[PDB]
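Participant: So here's structure_6.cif (mmCIF, N, CA and C atoms).
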data_entry
loop_
_atom_site.label_atom_id
_atom_site.label_comp_id
_atom_site.auth_asym_id
_atom_site.auth_seq_id
_atom_site.Cartn_x
_atom_site.Cartn_y
_atom_site.Cartn_z
N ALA A 1 -37.27 48.80 -12.42
CA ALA A 1 -38.45 49.66 -12.40
C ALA A 1 -38.65 50.48 -13.68
N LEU A 2 -39.85 50.42 -14.20
CA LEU A 2 -40.29 51.42 -15.19
C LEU A 2 -41.37 52.39 -14.78
N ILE A 3 -41.11 53.66 -14.98
CA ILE A 3 -42.14 54.68 -14.80
C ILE A 3 -42.64 55.20 -16.15
N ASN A 4 -44.02 55.30 -16.26
CA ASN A 4 -44.54 55.69 -17.56
C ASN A 4 -45.36 56.95 -17.53
N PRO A 5 -45.01 57.94 -18.26
CA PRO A 5 -45.66 59.24 -18.34
C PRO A 5 -46.54 59.24 -19.51
N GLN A 6 -47.79 59.70 -19.39
CA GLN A 6 -48.37 60.28 -18.24
C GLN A 6 -48.93 59.43 -17.14
N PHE A 7 -48.95 58.01 -17.17
CA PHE A 7 -49.37 57.48 -16.02
C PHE A 7 -48.17 57.25 -15.19
N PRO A 8 -47.88 58.05 -14.32
CA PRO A 8 -46.73 57.91 -13.49
C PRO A 8 -47.06 57.09 -12.24
N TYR A 9 -46.09 56.34 -11.78
CA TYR A 9 -46.12 55.64 -10.51
C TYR A 9 -46.07 56.65 -9.44
N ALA A 10 -47.10 56.54 -8.23
CA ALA A 10 -47.28 57.48 -7.35
C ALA A 10 -45.89 57.72 -6.88
N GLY A 11 -45.59 58.87 -6.41
CA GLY A 11 -44.26 59.18 -5.92
C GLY A 11 -44.06 58.74 -4.52
N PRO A 12 -44.64 57.83 -4.02
CA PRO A 12 -44.58 57.35 -2.68
C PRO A 12 -45.78 56.64 -2.49
N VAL A 13 -45.85 55.81 -1.41
CA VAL A 13 -47.03 55.37 -0.58
C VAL A 13 -47.08 56.57 0.34
N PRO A 14 -48.26 57.21 0.32
CA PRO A 14 -48.46 58.44 1.08
C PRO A 14 -49.17 58.23 2.44
N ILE A 15 -49.54 59.36 2.98
CA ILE A 15 -50.06 59.56 4.29
C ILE A 15 -51.31 59.05 4.70
N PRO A 16 -52.07 58.35 3.93
CA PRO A 16 -53.35 57.69 4.04
C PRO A 16 -53.08 56.30 4.56
N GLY A 17 -51.93 55.93 4.83
CA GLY A 17 -51.74 54.57 5.37
C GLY A 17 -52.37 54.36 6.78
N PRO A 18 -52.91 53.13 7.05
CA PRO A 18 -53.61 52.74 8.32
C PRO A 18 -52.65 52.06 9.24
N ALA A 19 -52.26 52.89 10.36
CA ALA A 19 -51.30 52.34 11.34
C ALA A 19 -52.17 51.37 12.10
N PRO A 20 -51.89 50.13 12.05
CA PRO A 20 -52.76 49.14 12.66
C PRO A 20 -52.56 48.76 14.08
N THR A 21 -51.42 49.08 14.58
CA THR A 21 -51.14 48.58 15.93
C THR A 21 -50.02 49.34 16.47
N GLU A 22 -49.76 49.24 17.98
CA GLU A 22 -48.66 49.74 18.56
C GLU A 22 -47.84 48.59 19.13
N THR A 23 -48.25 47.39 18.83
CA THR A 23 -47.60 46.14 19.27
C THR A 23 -46.32 45.98 18.51
N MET A 24 -45.36 46.54 19.01
CA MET A 24 -44.07 46.61 18.41
C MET A 24 -43.13 46.26 19.18
N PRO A 25 -43.58 45.86 20.60
CA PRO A 25 -42.58 45.75 21.66
C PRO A 25 -42.28 44.32 22.02
N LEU A 26 -41.03 44.14 22.07
CA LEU A 26 -40.47 42.85 22.49
C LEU A 26 -40.02 43.16 23.92
N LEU A 27 -40.65 42.44 24.79
CA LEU A 27 -40.26 42.72 26.22
C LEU A 27 -38.98 41.92 26.49
N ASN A 28 -37.87 42.59 26.89
CA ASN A 28 -36.63 41.97 27.25
C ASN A 28 -36.90 40.90 28.26
N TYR A 29 -36.14 39.87 28.12
CA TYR A 29 -36.28 38.70 28.96
C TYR A 29 -35.35 38.82 30.10
N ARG A 30 -35.79 38.64 31.30
CA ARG A 30 -34.82 38.69 32.41
C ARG A 30 -34.87 37.29 33.05
N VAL A 31 -33.73 36.55 33.30
CA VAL A 31 -33.85 35.19 33.88
C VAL A 31 -32.63 34.73 34.67
N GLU A 32 -32.76 33.83 35.60
CA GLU A 32 -31.65 33.23 36.39
C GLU A 32 -31.70 31.72 36.19
N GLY A 33 -30.65 31.13 35.70
CA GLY A 33 -30.72 29.69 35.33
C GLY A 33 -29.64 28.91 36.03
N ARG A 34 -30.11 27.86 36.72
CA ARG A 34 -29.27 27.03 37.59
C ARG A 34 -29.40 25.52 37.26
N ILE A 35 -28.30 24.93 36.81
CA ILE A 35 -28.29 23.45 36.44
C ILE A 35 -27.33 22.75 37.43
N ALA A 36 -27.84 22.51 38.67
CA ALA A 36 -26.94 22.02 39.78
C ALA A 36 -26.92 20.81 40.52
N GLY A 37 -27.35 19.74 40.09
CA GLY A 37 -27.55 18.39 40.51
C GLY A 37 -26.15 17.88 40.87
N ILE A 38 -26.07 17.08 41.86
CA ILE A 38 -24.83 16.47 42.29
C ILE A 38 -24.29 15.61 41.12
N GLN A 39 -23.02 15.75 40.85
CA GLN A 39 -22.40 14.93 39.76
C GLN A 39 -21.67 13.78 40.36
N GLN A 40 -21.74 12.50 40.12
CA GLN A 40 -20.82 11.46 40.64
C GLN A 40 -19.71 11.10 39.69
N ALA A 41 -18.53 11.05 40.15
CA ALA A 41 -17.36 10.80 39.22
C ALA A 41 -17.35 9.48 38.59
N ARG A 42 -18.08 9.00 37.82
CA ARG A 42 -17.91 7.69 37.15
C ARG A 42 -19.11 7.39 36.28
N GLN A 43 -18.93 6.60 35.28
CA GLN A 43 -19.99 6.12 34.33
C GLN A 43 -19.70 4.69 34.09
N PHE A 44 -20.63 3.85 33.93
CA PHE A 44 -20.28 2.50 33.62
C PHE A 44 -20.32 2.21 32.17
N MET A 45 -19.41 1.47 31.56
CA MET A 45 -19.51 1.05 30.13
C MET A 45 -19.28 -0.37 30.03
N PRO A 46 -19.49 -1.20 28.90
CA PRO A 46 -19.06 -2.31 28.61
C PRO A 46 -17.61 -2.20 28.40
N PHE A 47 -17.06 -1.61 27.64
CA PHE A 47 -15.66 -1.44 27.49
C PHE A 47 -15.22 -0.21 27.00
N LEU A 48 -14.34 0.48 27.57
CA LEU A 48 -13.74 1.67 27.01
C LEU A 48 -12.27 1.46 26.95
N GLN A 49 -11.30 2.13 26.14
CA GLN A 49 -10.07 2.03 26.08
C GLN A 49 -9.35 0.72 25.74
N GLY A 50 -9.97 -0.29 25.35
CA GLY A 50 -9.25 -1.54 25.01
C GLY A 50 -8.95 -1.66 23.55
N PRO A 51 -7.80 -2.20 23.17
CA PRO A 51 -7.45 -2.44 21.79
C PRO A 51 -7.27 -3.94 21.57
N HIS A 52 -8.39 -4.57 21.44
CA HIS A 52 -8.53 -6.00 21.48
C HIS A 52 -7.72 -6.74 20.43
N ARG A 53 -7.25 -7.91 20.80
CA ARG A 53 -6.43 -8.66 19.83
C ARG A 53 -7.31 -9.26 18.74
N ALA A 54 -6.93 -9.05 17.48
CA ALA A 54 -7.64 -9.63 16.33
C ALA A 54 -7.11 -11.06 16.09
N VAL A 55 -5.90 -11.26 16.42
CA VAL A 55 -5.31 -12.63 16.35
C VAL A 55 -4.23 -12.57 17.32
N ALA A 56 -3.96 -13.57 18.06
CA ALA A 56 -2.78 -13.52 18.88
C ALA A 56 -1.69 -14.29 18.12
N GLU A 57 -0.50 -14.25 18.61
CA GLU A 57 0.55 -15.05 18.06
C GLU A 57 0.40 -16.34 18.80
N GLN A 58 1.11 -17.27 18.34
CA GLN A 58 1.21 -18.54 19.11
C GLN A 58 2.19 -18.26 20.27
N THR A 59 2.01 -18.71 21.41
CA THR A 59 2.79 -18.53 22.64
C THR A 59 3.11 -19.88 23.29
N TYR A 60 4.18 -19.96 24.08
CA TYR A 60 4.61 -21.26 24.65
C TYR A 60 5.43 -21.18 25.86
N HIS A 61 5.69 -22.19 26.65
CA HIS A 61 6.58 -22.42 27.76
C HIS A 61 7.59 -23.49 27.29
N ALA A 62 8.61 -23.82 28.08
CA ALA A 62 9.66 -24.73 27.69
C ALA A 62 10.25 -25.59 28.81
N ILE A 63 10.61 -26.79 28.44
CA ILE A 63 11.20 -27.76 29.33
C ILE A 63 12.16 -28.72 28.66
N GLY A 64 13.15 -29.25 29.26
CA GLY A 64 13.94 -30.29 28.81
C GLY A 64 14.34 -31.12 29.79
N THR A 65 14.63 -32.17 29.94
CA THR A 65 15.29 -32.89 30.84
C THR A 65 15.72 -34.20 30.64
N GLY A 66 16.86 -34.63 31.05
CA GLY A 66 17.22 -35.99 30.95
C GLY A 66 18.45 -36.37 31.22
N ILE A 67 19.21 -37.51 30.76
CA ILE A 67 20.49 -37.69 30.80
C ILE A 67 21.11 -38.18 29.52
N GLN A 68 22.26 -38.48 29.42
CA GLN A 68 23.05 -38.94 28.27
C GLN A 68 23.27 -40.41 28.45
N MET A 69 22.54 -41.21 27.83
CA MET A 69 22.68 -42.66 27.97
C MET A 69 22.66 -43.32 26.65
N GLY A 70 23.35 -44.40 26.40
CA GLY A 70 23.32 -45.14 25.10
C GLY A 70 23.74 -46.63 24.93
N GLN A 71 23.12 -47.35 24.03
CA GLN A 71 23.45 -48.80 23.73
C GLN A 71 24.06 -48.66 22.30
N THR A 72 25.26 -49.17 22.04
CA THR A 72 25.95 -49.01 20.70
C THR A 72 26.50 -50.35 20.22
N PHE A 73 26.57 -50.44 18.93
CA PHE A 73 27.09 -51.52 18.02
C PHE A 73 28.01 -50.70 17.04
N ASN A 74 29.27 -51.25 16.85
CA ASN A 74 30.38 -50.74 16.08
C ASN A 74 30.67 -51.66 14.83
N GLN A 75 31.24 -50.94 13.84
CA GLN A 75 31.73 -51.64 12.57
C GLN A 75 33.03 -52.44 13.01
N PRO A 76 33.14 -53.52 12.32
CA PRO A 76 34.20 -54.44 12.45
C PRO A 76 35.48 -53.71 11.91
N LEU A 77 36.58 -54.41 12.51
CA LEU A 77 37.91 -53.98 11.99
C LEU A 77 38.16 -54.34 10.51
N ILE A 78 38.87 -53.68 9.72
CA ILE A 78 39.16 -53.95 8.31
C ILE A 78 40.62 -53.81 8.03
N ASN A 79 41.07 -54.55 6.95
CA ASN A 79 42.51 -54.36 6.54
C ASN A 79 42.73 -52.95 6.08
N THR A 80 43.81 -52.35 6.50
CA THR A 80 44.16 -51.02 6.04
C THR A 80 44.86 -51.08 4.70
N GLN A 81 44.34 -50.36 3.77
CA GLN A 81 44.80 -50.25 2.40
C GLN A 81 46.25 -49.79 2.26
N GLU A 82 46.45 -48.52 2.39
CA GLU A 82 47.70 -47.87 2.04
C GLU A 82 48.16 -47.04 3.21
N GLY A 83 49.31 -46.44 3.04
CA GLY A 83 49.89 -45.52 4.02
C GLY A 83 50.79 -46.27 4.99
N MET B 1 83.18 -6.93 12.21
CA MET B 1 81.85 -7.41 11.83
C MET B 1 81.12 -6.53 10.85
N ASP B 2 81.52 -5.29 10.83
CA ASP B 2 80.89 -4.23 10.02
C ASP B 2 79.37 -4.06 10.25
N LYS B 3 79.04 -3.71 11.40
CA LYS B 3 77.64 -3.52 11.79
C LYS B 3 77.29 -2.06 11.79
N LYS B 4 76.26 -1.65 10.85
CA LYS B 4 76.03 -0.44 11.02
C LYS B 4 75.44 -0.04 12.36
N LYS B 5 75.29 1.12 12.52
CA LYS B 5 74.68 1.73 13.63
C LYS B 5 73.20 1.92 13.43
N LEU B 6 72.40 1.44 12.62
CA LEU B 6 71.05 1.75 12.33
C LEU B 6 70.10 0.69 12.53
N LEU B 7 69.30 0.48 11.49
CA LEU B 7 68.18 -0.44 11.48
C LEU B 7 68.40 -1.79 12.19
N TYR B 8 69.55 -2.41 11.93
CA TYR B 8 69.93 -3.74 12.42
C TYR B 8 70.01 -3.84 13.93
N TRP B 9 70.52 -2.94 14.60
CA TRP B 9 70.31 -3.03 16.07
C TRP B 9 68.74 -3.15 16.42
N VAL B 10 67.79 -2.42 15.74
CA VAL B 10 66.33 -2.55 15.76
C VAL B 10 65.96 -3.99 15.37
N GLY B 11 66.72 -4.47 14.40
CA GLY B 11 66.53 -5.82 13.84
C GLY B 11 66.89 -6.90 14.84
N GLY B 12 67.93 -6.64 15.61
CA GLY B 12 68.30 -7.62 16.63
C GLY B 12 67.17 -7.72 17.67
N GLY B 13 66.61 -6.57 18.06
CA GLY B 13 65.50 -6.58 19.03
C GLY B 13 64.32 -7.36 18.43
N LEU B 14 64.06 -7.07 17.16
CA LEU B 14 62.95 -7.69 16.42
C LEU B 14 63.10 -9.21 16.36
N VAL B 15 64.31 -9.66 16.12
CA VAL B 15 64.63 -11.09 16.07
C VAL B 15 64.35 -11.69 17.48
N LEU B 16 64.86 -11.01 18.51
CA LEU B 16 64.73 -11.56 19.86
C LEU B 16 63.24 -11.64 20.17
N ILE B 17 62.55 -10.55 19.83
CA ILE B 17 61.12 -10.43 20.11
C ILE B 17 60.33 -11.52 19.39
N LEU B 18 60.69 -11.77 18.14
CA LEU B 18 60.03 -12.79 17.33
C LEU B 18 60.22 -14.19 17.89
N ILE B 19 61.45 -14.46 18.34
CA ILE B 19 61.78 -15.77 18.90
C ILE B 19 61.07 -15.98 20.23
N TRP B 20 61.04 -14.95 21.08
CA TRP B 20 60.34 -15.07 22.35
C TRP B 20 58.85 -15.36 22.09
N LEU B 21 58.29 -14.65 21.12
CA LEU B 21 56.87 -14.86 20.78
C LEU B 21 56.63 -16.29 20.32
N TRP B 22 57.52 -16.77 19.46
CA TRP B 22 57.37 -18.14 18.96
C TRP B 22 57.41 -19.13 20.10
N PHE B 23 58.40 -19.01 21.00
CA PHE B 23 58.49 -19.93 22.12
C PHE B 23 57.23 -19.86 22.97
N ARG B 24 56.78 -18.66 23.28
CA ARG B 24 55.56 -18.55 24.16
C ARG B 24 54.41 -19.25 23.49
N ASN B 25 54.26 -19.00 22.17
CA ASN B 25 53.14 -19.57 21.37
C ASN B 25 53.15 -21.10 21.50
N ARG B 26 54.36 -21.63 21.30
CA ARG B 26 54.68 -23.08 21.35
C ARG B 26 54.34 -23.61 22.73
N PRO B 27 54.68 -22.87 23.80
CA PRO B 27 54.45 -23.33 25.16
C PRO B 27 53.19 -22.70 25.69
N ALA B 28 52.58 -21.69 24.80
CA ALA B 28 51.54 -20.98 25.40
C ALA B 28 50.24 -21.61 25.35
N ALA B 29 50.05 -22.76 24.93
CA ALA B 29 48.76 -23.41 24.85
C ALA B 29 48.58 -24.12 26.11
N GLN B 30 47.45 -23.94 26.62
CA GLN B 30 47.20 -24.50 27.90
C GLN B 30 47.20 -25.97 27.84
N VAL B 31 47.82 -26.58 28.81
CA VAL B 31 47.87 -27.97 28.82
C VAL B 31 46.58 -28.41 28.88
N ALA B 32 45.62 -28.54 28.31
CA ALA B 32 44.38 -28.85 28.26
C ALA B 32 43.57 -29.49 27.37
N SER B 33 42.46 -29.58 27.09
CA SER B 33 41.43 -30.21 26.42
C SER B 33 41.19 -29.89 25.01
N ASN B 34 41.88 -29.20 24.35
CA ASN B 34 41.68 -28.77 23.01
C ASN B 34 41.45 -29.86 21.97
N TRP B 35 41.74 -31.12 22.26
CA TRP B 35 41.51 -32.24 21.33
C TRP B 35 40.00 -32.48 21.10
N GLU B 36 39.17 -31.95 21.97
CA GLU B 36 37.70 -32.06 21.76
C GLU B 36 37.09 -33.10 22.16
N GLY B 37 35.98 -33.86 21.74
CA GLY B 37 35.09 -34.81 22.24
C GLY B 37 34.65 -34.50 23.65
N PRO B 38 34.22 -33.28 23.89
CA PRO B 38 33.81 -32.88 25.21
C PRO B 38 32.40 -33.22 25.57
N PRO B 39 31.86 -34.28 25.15
CA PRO B 39 30.57 -34.87 25.43
C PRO B 39 30.90 -36.08 26.33
N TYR B 40 30.70 -35.90 27.61
CA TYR B 40 31.09 -36.83 28.59
C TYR B 40 30.50 -38.21 28.42
N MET B 41 29.45 -38.39 27.67
CA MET B 41 28.84 -39.71 27.45
C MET B 41 29.27 -40.45 26.22
N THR B 42 30.40 -40.34 25.73
CA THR B 42 30.89 -40.71 24.43
C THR B 42 31.69 -41.99 24.36
N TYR B 43 31.25 -43.14 25.19
CA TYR B 43 31.96 -44.38 25.12
C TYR B 43 31.85 -45.14 23.79
N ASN B 44 30.72 -44.94 23.13
CA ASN B 44 30.59 -45.61 21.81
C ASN B 44 31.37 -44.84 20.75
N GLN B 45 31.00 -43.64 20.47
CA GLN B 45 31.66 -42.70 19.56
C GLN B 45 32.28 -43.08 18.35
N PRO B 46 31.36 -42.95 17.08
CA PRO B 46 31.75 -43.23 15.70
C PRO B 46 31.11 -42.21 14.79
N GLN B 47 31.89 -41.25 14.51
CA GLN B 47 31.42 -40.10 13.83
C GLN B 47 31.36 -40.30 12.38
N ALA B 48 31.98 -41.28 11.77
CA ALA B 48 31.94 -41.34 10.28
C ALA B 48 31.32 -42.49 9.75
N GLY B 49 32.23 -43.33 8.93
CA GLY B 49 31.70 -44.52 8.55
C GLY B 49 32.23 -45.75 8.94
N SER B 50 31.52 -46.74 9.24
CA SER B 50 31.83 -48.03 9.41
C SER B 50 33.06 -48.65 8.93
N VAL B 51 33.57 -49.59 9.58
CA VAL B 51 34.85 -50.12 9.41
C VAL B 51 35.91 -49.06 9.70
N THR B 52 36.50 -49.09 10.93
CA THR B 52 37.53 -48.18 11.44
C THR B 52 38.60 -48.98 12.16
N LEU B 53 39.65 -48.31 12.57
CA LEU B 53 40.76 -49.02 13.25
C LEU B 53 41.43 -48.10 14.21
N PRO B 54 42.16 -48.73 15.16
CA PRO B 54 42.88 -47.93 16.15
C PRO B 54 44.33 -48.17 16.06
N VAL B 55 44.89 -49.20 15.62
CA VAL B 55 46.41 -49.15 15.37
C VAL B 55 46.66 -49.85 14.09
N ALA B 56 47.80 -49.57 13.45
CA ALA B 56 47.97 -50.28 12.13
C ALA B 56 48.06 -51.77 12.39
#
Will you turn the file into C-alpha cells for me?

Facilitator:
Amino acid sequence: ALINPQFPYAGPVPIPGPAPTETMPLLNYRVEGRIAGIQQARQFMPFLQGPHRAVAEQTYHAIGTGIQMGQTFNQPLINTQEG
Amino acid sequence: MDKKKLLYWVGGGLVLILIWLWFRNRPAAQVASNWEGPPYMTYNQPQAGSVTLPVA
C-alpha cells in the first residue's frame, strides 16, 4: 500500500455503506437417516480366490507287469590258453 | 618265564579276544547265498564275452 499526501486514502470505508440484506442465516439442518434394507449373505462372481495354473507339470500313473522268461544261444567252448 | 605283572596280562586277554573274533568271523558268515546270481530266471546266464568254459 501507498498513501499519498495531500491526496490521502480515505481512512476507512465509512458509515455511508448500504446494508443490503439481513439474509445471513443458515438454518441448521435437522435430519434422521435410515439405510435398512435386508442384506443377504452372498454375492455371485465368476471367480474369486483362485490362483489358476499358468502351466501344469507333466503328471502320470504307473504300471508294470510280467514274468522272467527267455530263449538263449551260448558261445562255443574254446581251448584254454594259460593257467 | 619272567612275566611282568603289567601290560602283557592285558595282552593275553587281547590275544584271546582277537583269536575268538577271528574264529567267529570265519564261522560267522551265514551259510547262505552270498555267491549272488539271485535272479531266479537265470538258466542261460552269460555276463561277459563269448567263448567260456566250465572245467579245464

Participant: Can you measure CA of residue 40 in chain B to CA of residue 67 in chain A for me? One decimal in Å is fine.

Facilitator: 10.9 Å

Participant: Near chain A, meaning an atom within 6.5 Å, which residues of chain B appear when counting all atoms listed in the file? Write them as a list in words.

Facilitator: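 Filtering chain B at 6.5 Å from chain A with all atoms listed in the file gives residues 41, 44, 50, 51, 52 and 53 of chain B.
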
Participant: Please report the interatomic distance between CA of residue 37 in chain B and CA of residue 54 in chain B in Å with one decimal.

Facilitator: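 Taking CA of residue 37 in chain B and CA of residue 54 in chain B, their separation equals 16.4 Å.
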
Participant: Interatomic distance between atom C of residue 81 in chain A and atom C of residue 56 in chain B?

Facilitator: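 Rounded to one decimal, the two atoms are 10.5 Å apart.
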
Participant: If I only have part of range 4-16 of chain B, can you fill in N, CA, C and O atoms and write it as a PDB file, in the coordinates of the input?

Facilitator:
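The resulting part_8.pdb:
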ATOM      1  N   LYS B   4      76.260  -1.650  10.850  1.00  0.00           N
ATOM      2  CA  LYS B   4      76.030  -0.440  11.020  1.00  0.00           C
ATOM      3  C   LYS B   4      75.440  -0.040  12.360  1.00  0.00           C
ATOM      4  O   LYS B   4      74.998  -0.674  13.146  1.00  0.00           O
ATOM      5  N   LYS B   5      75.290   1.120  12.520  1.00  0.00           N
ATOM      6  CA  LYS B   5      74.680   1.730  13.630  1.00  0.00           C
ATOM      7  C   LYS B   5      73.200   1.920  13.430  1.00  0.00           C
ATOM      8  O   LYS B   5      72.753   2.492  14.051  1.00  0.00           O
ATOM      9  N   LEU B   6      72.400   1.440  12.620  1.00  0.00           N
ATOM     10  CA  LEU B   6      71.050   1.750  12.330  1.00  0.00           C
ATOM     11  C   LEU B   6      70.100   0.690  12.530  1.00  0.00           C
ATOM     12  O   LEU B   6      69.841   0.167  13.539  1.00  0.00           O
ATOM     13  N   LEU B   7      69.300   0.480  11.490  1.00  0.00           N
ATOM     14  CA  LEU B   7      68.180  -0.440  11.480  1.00  0.00           C
ATOM     15  C   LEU B   7      68.400  -1.790  12.190  1.00  0.00           C
ATOM     16  O   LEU B   7      67.551  -2.276  12.871  1.00  0.00           O
ATOM     17  N   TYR B   8      69.550  -2.410  11.930  1.00  0.00           N
ATOM     18  CA  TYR B   8      69.930  -3.740  12.420  1.00  0.00           C
ATOM     19  C   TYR B   8      70.010  -3.840  13.930  1.00  0.00           C
ATOM     20  O   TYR B   8      69.419  -4.740  14.495  1.00  0.00           O
ATOM     21  N   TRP B   9      70.520  -2.940  14.600  1.00  0.00           N
ATOM     22  CA  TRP B   9      70.310  -3.030  16.070  1.00  0.00           C
ATOM     23  C   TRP B   9      68.740  -3.150  16.420  1.00  0.00           C
ATOM     24  O   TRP B   9      68.377  -4.014  17.241  1.00  0.00           O
ATOM     25  N   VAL B  10      67.790  -2.420  15.740  1.00  0.00           N
ATOM     26  CA  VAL B  10      66.330  -2.550  15.760  1.00  0.00           C
ATOM     27  C   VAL B  10      65.960  -3.990  15.370  1.00  0.00           C
ATOM     28  O   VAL B  10      65.114  -4.647  16.004  1.00  0.00           O
ATOM     29  N   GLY B  11      66.720  -4.470  14.400  1.00  0.00           N
ATOM     30  CA  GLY B  11      66.530  -5.820  13.840  1.00  0.00           C
ATOM     31  C   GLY B  11      66.890  -6.900  14.840  1.00  0.00           C
ATOM     32  O   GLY B  11      66.205  -7.932  14.912  1.00  0.00           O
ATOM     33  N   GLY B  12      67.930  -6.640  15.610  1.00  0.00           N
ATOM     34  CA  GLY B  12      68.300  -7.620  16.630  1.00  0.00           C
ATOM     35  C   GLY B  12      67.170  -7.720  17.670  1.00  0.00           C
ATOM     36  O   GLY B  12      66.804  -8.822  18.091  1.00  0.00           O
ATOM     37  N   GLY B  13      66.610  -6.570  18.060  1.00  0.00           N
ATOM     38  CA  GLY B  13      65.500  -6.580  19.030  1.00  0.00           C
ATOM     39  C   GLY B  13      64.320  -7.360  18.430  1.00  0.00           C
ATOM     40  O   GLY B  13      63.689  -8.166  19.120  1.00  0.00           O
ATOM     41  N   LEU B  14      64.060  -7.070  17.160  1.00  0.00           N
ATOM     42  CA  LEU B  14      62.950  -7.690  16.420  1.00  0.00           C
ATOM     43  C   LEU B  14      63.100  -9.210  16.360  1.00  0.00           C
ATOM     44  O   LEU B  14      62.130  -9.943  16.632  1.00  0.00           O
ATOM     45  N   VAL B  15      64.310  -9.660  16.120  1.00  0.00           N
ATOM     46  CA  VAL B  15      64.630 -11.090  16.070  1.00  0.00           C
ATOM     47  C   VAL B  15      64.350 -11.690  17.480  1.00  0.00           C
ATOM     48  O   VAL B  15      63.801 -12.787  17.553  1.00  0.00           O
ATOM     49  N   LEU B  16      64.860 -11.010  18.510  1.00  0.00           N
ATOM     50  CA  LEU B  16      64.730 -11.560  19.860  1.00  0.00           C
ATOM     51  C   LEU B  16      63.240 -11.640  20.170  1.00  0.00           C
ATOM     52  O   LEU B  16      62.754 -12.638  20.705  1.00  0.00           O
TER      53      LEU B  16
END
